[PDB]
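Residue numbers (the deposited numbering), protein chains in the order written: chain E, 1 to 161; chain F, 1 to 161; chain R, 1 to 157; chain Q, 1 to 162; chain A, 1 to 162; chain C, 1 to 162; chain B, 1 to 160; chain D, 1 to 161.
We put the CB at the ideal spot given by N, CA and C, even for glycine.
For reference, the structure is listed below as structure tokens.
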Ligand SMILES: [Fe+2]
Ligand SMILES: [Fe+2]
Ligand SMILES: [Fe+2]
Ligand SMILES: [Fe+2]
Ligand SMILES: [Fe+2]
Ligand SMILES: [Fe+2]
Ligand SMILES: [Fe+2]
Ligand SMILES: [Fe+2]
Ligand SMILES: [Fe+2]
Ligand SMILES: [Fe+2]
Ligand SMILES: [Fe+2]
Ligand SMILES: [Fe+2]
């Protein structure tokens, strides 16, 4: 039971993208938490955990095919100061991930492999959901205003429910 | 208030080492999982989560001191086939970590900073206990034999109270 | 709403393989259970029940497409004394099922049918997982040796 | 200890018959359910599970005496369209089963084997009860009428108050 | 209501065999317990309790038949050092027991008495199960290796927490 | 009242003996813990607590008679690197304790005292159980093999009272 | 750790006598239950189980001393048809047991042994209590009359 | 990874001092309990158990660095008759303990070690608290007297309510 190297390198590209996304999201969460924007921090922490789940399932599938999960390679990681630029950066990361996912899914589906294809649509569906959320947030801040929108998410105490 | 760049770079080096430890321990746990090893997998995943707690407290502390943590870079990650070699790799990475931590702790205890010293001493105690566990496991396996030792890890029981 | 003959024949072949597999799994499980190897018996009988559920889904689907199930025939069943030969036989059965199912899934998706495609992908996933387990266990026993693997793993709780 | 070959081959024949019965009953359960006749489907599923238990205990007994249980060979399996023909088919199956059971028990009873005689008695009682049920239902459908009978065994409700 | 003298002698012989089985099993259980082996000790203690239950039912049945049970006679008792002698002697006593049971059941069913016969085949089935267990453990220890196998029954690894 | 010097000196000697036993057993348990062997450590810890209780009750008994318990002096405590020699050392100190206790209890029963003779009896019984367990353990480890036996203790404890 | 021949042989003799007593008690219990004297049957079953536990502790002690217990040889057992003779057999076996027990306890206490001495002390106490019960029951049965006592002990409350 | 000698005999001597302390405290508690002074006995028993925990953790640390614990040697153990001499003996023992612990903690803090220093301030804090308690007890006994203090501590062990 073995596979051709093209599917393995597709999966490894996706894995490295997921690790970089994890690091970027966690850095964003910590920075915006130090700023004082709490709800964004919680939401991006949840997103980070989701990305770890994706990385875990990808690792499982690649180790199934008797591959070598490479952890050394990383992509370019970028950070921002205001919410607009970090949202934009996450948007481009998601765009690159989804484009790579579509290309890999077509190429590998043409090879008569199925299960990796399944984990691929799972990943692309979650990425599409997150990028839609980010785009909605960007349009919201564009229409509303930076200062007041940042004032929306400030809080000091916690809710009982 | 501000911190001198030296403690910033010590914290950056410690953060890089901790991230490398995360990736190494996690990949190792996964390899033991796939090969059929169960107890060692759980112990390694517990160690990985503890190192992640270390990374969390370190990045919070450095962000407190107007720092700019860097996640792009990583050290060199080592993987092994049988238990002895990645045991040795964990040993050597922990030795490097403890040497660096001792140097850093003395250097900023000499220069008017105590909190980061407390963080490093806590991390040092944790890594000391971990390396003791590794050393006693190594002595056990060299005294008892590889096959007979590995005979007691697989259980295939799955109980529930 | 009538079915397509090659679809029906592919479903029937997969079903017959399922019946042969469940019979083989049950025989082997009983064999090690009489030997005194309880854990293998439990795991193998659980796998047999899983293949039974697979076959039930298969037959419900083939009845849905207005076809006639045939159970009068079944493939050869092979057994063994040591665990190694039976494990190898199970590996061979699962591999042949995987190859046949891949060919069937390709032609069936190409012939504009979707539901049987998703039941087939689920079956492929399950069989791939079982193949993974069998191969890792075979590697483990090859490394440890027969008596050492058999003795210290006996447990009850 | 080791058993005589004749009882071994009697046990193997009974195992084959039990496997065929399991197969046929599962067919009829699924087919009736697809027709839309829920109660008979549930009854037939219960019968199939009982025959599975019978086969399991028989296999355990035959493996006890250091035999070689084989499931490669099967008897003929017949499929019926309406309820009448499949009732008659099950009737013939149970009749041949009880015939073989009586002959085998009388044979082996004289060669100082007792426990397998007892399991043959148990399976004989089970199949006798089942065949009594089948004959009663056949007479009932004959007297009342097929259409009216199956009229009262249908419901598209699936009710569950809680 | 008086039973036949041969019935009484058969019941008495079986009772004597049961008493010998009780004594041997208890002495063994004590020996494995002193050696430190736990699972073997508890299993053979349960076996001895089951044999005592068999003696109970047999003595009730013979007492009902208006007889005088003899609690004086006892067969020979065998003791060895290793597990192999344990299993071999137990297999021997169970084999002679099964032979006596088969002869007794045949003659009892021949001479118009049933309830005693029924408890006869009950004891027969229980003892054949015990023989199967003993034989499979003998095969396992023969194949596995004495020290490697015995490493299993002994274990001090904090079993209290559950 | 006040006791004659013989009983007082024997009790003081016993106190020294159990202090030595407590220290030796605690060090053995700790070293067993460091090498990763789990169950032996907890068993030896329980033995240490038992010896602590023994020392407490003996000190109470001697102080009742307006004596002066001594805690300044000890005996020779010895340490081992492997299992065999620490088992042997425990056996040696145990044999010395048993012989001294027997002599003292005899001579002191000969000089009109029973209550302290009774507590000596209790200590004798507990120490006898400890030595029997030690001897059984030594025989098992010599028969089975050091490495294979040591494989049986290292892990797989799972204490879960809930 | 090996014990002397005298102590181990005394232990073996006591164990054999006790095993015979267990067998006798069980036999009498079953015959009492057969004829409907249920309360006596319960009492005898309890006494037999107590003797079983005593034999268990005795064989544990003898096996502790690198001994070789024997379950092969037994002493003679006696049976009775009415209460008086079975009670008398019980009392006489108790008397012989306690006499041998006193001799053994004296000898062992002279031969530098304690734990076995204590366990024989306990068994002696319990047999003293049991013989007291047997004697008081025999005297009560004598005074009252057999028929009235049998009428007293009957249950007849079998559920079915 | 083992430490130098100076630290190891400092720890071994401290362990011996702890053993002497536990024995002396237990003897004092037993004596006061016999005399009928119950609450004093309870407090002394609690102190002895705490000192035993000290000994256990300290010998655990000794073994940690691949040491050779010695239980053979013992310091002097002194006994008294009234509460005054017992308290004074305890005060002298505690004074020696604090002095030597301070010198040891400084000398090995100056030699790139942290964990042993940490357990040393733990022990030092405990000993400071204990010497405070003994000092205030002696001062109160001096202020009030002898018989009244015993009357305060003494209680009737009725055990019938
Ligand atoms: Fe993703
Ligand atoms: Fe995590
Ligand atoms: Fe650590
Ligand atoms: Fe099944
Ligand atoms: Fe399947
Ligand atoms: Fe049935
Ligand atoms: Fe029993
Ligand atoms: Fe029996
Ligand atoms: Fe002692
Ligand atoms: Fe303690
Ligand atoms: Fe007795
Ligand atoms: Fe202290």
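Checklist line | Cβ-Cβ distance between residue 29 of chain R and residue 16 of chain R below 9 Å | finding: Reading the third chain from its first residue, position 29 is the one you call residue 29 of chain R. Reading the third chain from its first residue, position 16 is the one you call residue 16 of chain R. Not a contact, by the Cβ cut-off of 9 Å.
Note to self: Check whether the stretch 113-121 of chain C and the stretch 78-89 of chain C touch, using three or more Cβ-Cβ pairs below 8 Å as the test.
What the structure shows: no
Notebook entry, point to check: Nearest to residue 5 of chain E by CA position, among E/49, E/20, E/41 and E/62, is which residue?
Noted result: Here the question's residue 5 of chain E lines up with position 5 in the first chain. Selected option, being the one with the closest Cα: E/62.
Check: Which value, in whole angstroms, describes the spacing of the CA atoms of residue 64 of chain E and residue 132 of chain R?
Finding: Along the first chain, read from residue 1 onward, the residue named residue 64 of chain E stands at position 64. Along the third chain, read from residue 1 onward, the residue named residue 132 of chain R stands at position 132. Cα-Cα distance, rounded: 7 Å.
Check: Nearest to residue 72 of chain C by CA position, among D/125, D/9, D/24 and D/128, is which residue?
Finding: Residue numbering aside, residue 72 of chain C sits at position 72 when the sixth chain is read from its first letter. When only C-alpha atoms are compared, the closest one is D/24.
Check: residue 21 of chain D: beta carbon under 8 Å from a heavy atom of ligand 12?
Finding: Locating residue 21 of chain D in the eighth chain gives position 21, counting from the first residue. Residue 21 of chain D: yes, Cβ under 8 Å from ligand 12.
Next item on the list: Verify the contact flag: residue 123 of chain C, CB atom, against every heavy atom of ligand 9, threshold strictly below 8 Å.
Entry: In the sixth chain, residue 123 of chain C corresponds to position 123, counting from 1. At least one heavy atom of ligand 9 is nearer than 8 Å to the Cβ of residue 123 of chain C, so yes.
Next item on the list: Check the C-beta distance from residue 1 of chain B over to residue 66 of chain B and give it rounded, since I have them as a contact under 8 Å.
Entry: Mapped onto the seventh chain, residue 1 of chain B falls at position 1. Mapped onto the seventh chain, residue 66 of chain B falls at position 66. Contact holds; Cβ gap of about 6 Å.
Next item on the list: Identify the continuous alpha helix (DSSP H) that holds residue 131 of chain D and give its terminal residues.
Entry: Stepping through the eighth chain from its first residue, residue 131 of chain D is reached at position 131. It spans 115-144 - the alpha helix (DSSP H) in which residue 131 of chain D sits, taken as one unbroken run.
Next item on the list: Answer with buried or exposed for residue 51 of chain F, where buried requires no fewer than 16 other C-beta atoms within 10 angstroms of its C-beta.
Entry: Locating residue 51 of chain F in the second chain gives position 51, counting from the first residue. Taking every protein chain shown into account, the CB of residue 51 of chain F has 16 or more other CB atoms within 10 angstroms, so this residue is buried.
Next item on the list: Work out the CA separation of residue 35 of chain B and residue 100 of chain Q for me, nearest whole Å.
Entry: Position 100 of the fourth chain, counted from the start, is the residue given in the question as residue 100 of chain Q. Position 35 of the seventh chain, counted from the start, is the residue given in the question as residue 35 of chain B. Approximately 49 Å between the Cα atoms of the pair.
Next item on the list: Have a look at residue 70 of chain R and residue 12 of chain R and give me their C-alpha separation to the nearest angstrom.
Entry: Here the question's residue 70 of chain R lines up with position 70 in the third chain. Here the question's residue 12 of chain R lines up with position 12 in the third chain. Between residue 70 of chain R and residue 12 of chain R, the C-alpha separation is close to 7 Å.
Next item on the list: Give the C-beta separation of residue 98 of chain E and residue 127 of chain E to the nearest angstrom, bearing in mind that I take them to be a contact with Cβ-Cβ under 8 Å.
Entry: For the purposes of this step, residue 98 of chain E is taken as the residue at position 98 of the first chain. For the purposes of this step, residue 127 of chain E is taken as the residue at position 127 of the first chain. Rounded, the Cβ-Cβ distance is 5 Å, consistent with contact.
Check: In terms of residue numbering, what span does the alpha helix (DSSP H) encompassing residue 38 of chain B cover?
Finding: Within the seventh chain, numbered from 1, the residue matching residue 38 of chain B stands at position 38. Unbroken alpha helix (DSSP H) run through residue 38 of chain B: 38-64.
Margin query: Is residue 42 of chain B close to chain A? Criterion is C-beta to C-beta, closer than 9 Å.
Written below: Position 42 of the seventh chain, counted from the first residue, corresponds to residue 42 of chain B. Judged by the 9 Å Cβ criterion, residue 42 of chain B is not in contact with chain A.
Next item on the list: Give the residues from the stretch 22-46 of chain F that approach chain R closer than 9 Å (Cβ to any Cβ), ordered along the chain.
Entry: 34, 35 and 36
Next item on the list: Would you list, in chain order, the members of the stretch 57-78 of chain D that have their beta-carbon closer than 7 Å to a beta-carbon of chain F?
Entry: Residues of the stretch 57-78 of chain D with a C-beta less than 7 Å from any C-beta of chain F: 64, listed in chain order.
Margin query: Let me confirm a value: residue 130 of chain D is counted as buried when at least 16 other C-beta atoms fall within 10 Å, else exposed. Which label applies?
Written below: Position 130 of the eighth chain, counted from the first residue, corresponds to residue 130 of chain D. Buried.
Next item on the list: Using DSSP bridges, identify the partner residues of residue 154 of chain E.
Entry: On the first chain, position 154 is the one that residue 154 of chain E refers to. Answer by DSSP bridge pairing, in chain order: E/37.
Notebook entry, point to check: Looking at the unbroken alpha helix (DSSP H) that takes in residue 110 of chain F, where does it start and where does it end?
Noted result: For the purposes of this step, residue 110 of chain F is taken as residue 110 along the second chain, with counting starting at 1. From DSSP, residue 110 of chain F is part of no alpha helix (DSSP H); its letter is neither H nor E.
Item checked: Beta carbon proximity, residue 1 of chain D to chain F, threshold 9 Å -> Locating residue 1 of chain D in the eighth chain gives position 1, where the first residue counts as 1. Interface annotation, residue 1 of chain D: in contact with chain F, CB-CB separation under 9 Å.
Notebook entry, point to check: When Cβ atoms are compared, which residues of the stretch 134-159 of chain C fall closer than 9 Å to chain F?
Noted result: 147, 148, 150, 151, 152, 154, 155, 156 and 158
Notebook entry, point to check: Straight-line CA distance for residue 102 of chain Q to residue 123 of chain Q?
Noted result: Here residue 102 of chain Q refers to the residue found at position 102 of the fourth chain. Here residue 123 of chain Q refers to the residue found at position 123 of the fourth chain. Residue 102 of chain Q and residue 123 of chain Q: Cα-Cα distance of roughly 11 Å.
Margin query: For a cutoff of 9 Å on Cβ pairs, would you count residue 53 of chain R as touching chain E?
Written below: Numbered from its first residue, the third chain carries residue 53 of chain R at position 53. With 9 Å as the cut-off, residue 53 of chain R does not count as an interface residue toward chain E.
Check: If you draw a straight line from the alpha carbon of residue 154 of chain F to that of residue 147 of chain A, how long is it in whole angstroms?
Finding: Stepping through the second chain from its first residue, residue 154 of chain F is reached at position 154. Stepping through the fifth chain from its first residue, residue 147 of chain A is reached at position 147. Distance from the CA of residue 154 of chain F to the CA of residue 147 of chain A, rounded to the nearest whole angstrom, comes to 21 Å.
Note to self: Which same chain residues end up closer than 8 Å to residue 111 of chain B when comparing Cβ atoms and leaving out the 5 residues on each side of it in sequence?
What the structure shows: For the purposes of this step, residue 111 of chain B is identified with residue 111 of the seventh chain, where counting begins at 1. Closer than 8 Å at Cβ, skipping near neighbours: 4, 6 and 7.
Notebook entry, point to check: Are the Cβ atoms of residue 138 of chain E and residue 88 of chain E separated by less than 9 Å?
Noted result: Numbered from its first residue, the first chain carries residue 138 of chain E at position 138. Numbered from its first residue, the first chain carries residue 88 of chain E at position 88. It is a contact, given that the beta carbons lie within the stated cut-off.
Item checked: Any non-hydrogen atom of ligand 7 within 8 Å of residue 52 of chain A CB -> Position 52 of the fifth chain, counting from 1, holds the residue named residue 52 of chain A. Within the cutoff, so yes.
Next item on the list: For residue 47 of chain R, I'd like the list of residues in its chain whose CB is within less than 7 Å of its CB, leaving aside the five on either flank, ordered along the chain.
Entry: In the third chain, counting from the first residue as 1, residue 47 of chain R sits at position 47. So the list reads 25 and 130, once near-sequence residues are dropped.
Next item on the list: Using only alpha-carbon positions, find the residue among C/125, C/59, C/160 and C/152 that is nearest to residue 18 of chain C.
Entry: What you label residue 18 of chain C is simply residue 18 of the sixth chain in a count that begins at 1. When each option's Cα is compared against that of residue 18 of chain C, the closest is C/59.
Note to self: To the nearest angstrom, how far is the alpha carbon of residue 85 of chain E from that of residue 157 of chain F?
What the structure shows: Residue numbering aside, residue 85 of chain E sits at position 85 when the first chain is read from its first letter. Residue numbering aside, residue 157 of chain F sits at position 157 when the second chain is read from its first letter. Whole-angstrom Cα-Cα distance: 51 Å.
Notebook entry, point to check: When you compare only the Cα positions, how much space is there between residue 162 of chain C and residue 161 of chain A?
Noted result: Locating residue 162 of chain C in the sixth chain gives position 162, counting from the first residue. Locating residue 161 of chain A in the fifth chain gives position 161, counting from the first residue. Their backbone Cα atoms lie some 8 Å apart in a straight line.
Check: Contact check, residue 21 of chain D vs residue 33 of chain D under 8 Å by CB: the rounded distance?
Finding: Position 21 of the eighth chain holds residue 21 of chain D. Position 33 of the eighth chain holds residue 33 of chain D. Between the beta-carbon of residue 21 of chain D and that of residue 33 of chain D there is about 18 Å, and that puts the pair past the 8 Å contact cut.
Next item on the list: Compute the beta-carbon to beta-carbon distance between residue 104 of chain E and residue 10 of chain E, rounded to the nearest angstrom, for a pair I have assumed lies under 8 Å.
Entry: Position 104 of the first chain, counted from the start, is the residue given in the question as residue 104 of chain E. Position 10 of the first chain, counted from the start, is the residue given in the question as residue 10 of chain E. That pair is a contact at about 4 Å.
Notebook entry, point to check: Smallest Cα separation from residue 37 of chain C: which of F/150, F/151, F/136 and F/31?
Noted result: Against the sixth chain, residue 37 of chain C aligns to sequence position 37. Out of F/150, F/151, F/136 and F/31, F/136 has the C-alpha closest to the C-alpha of residue 37 of chain C.
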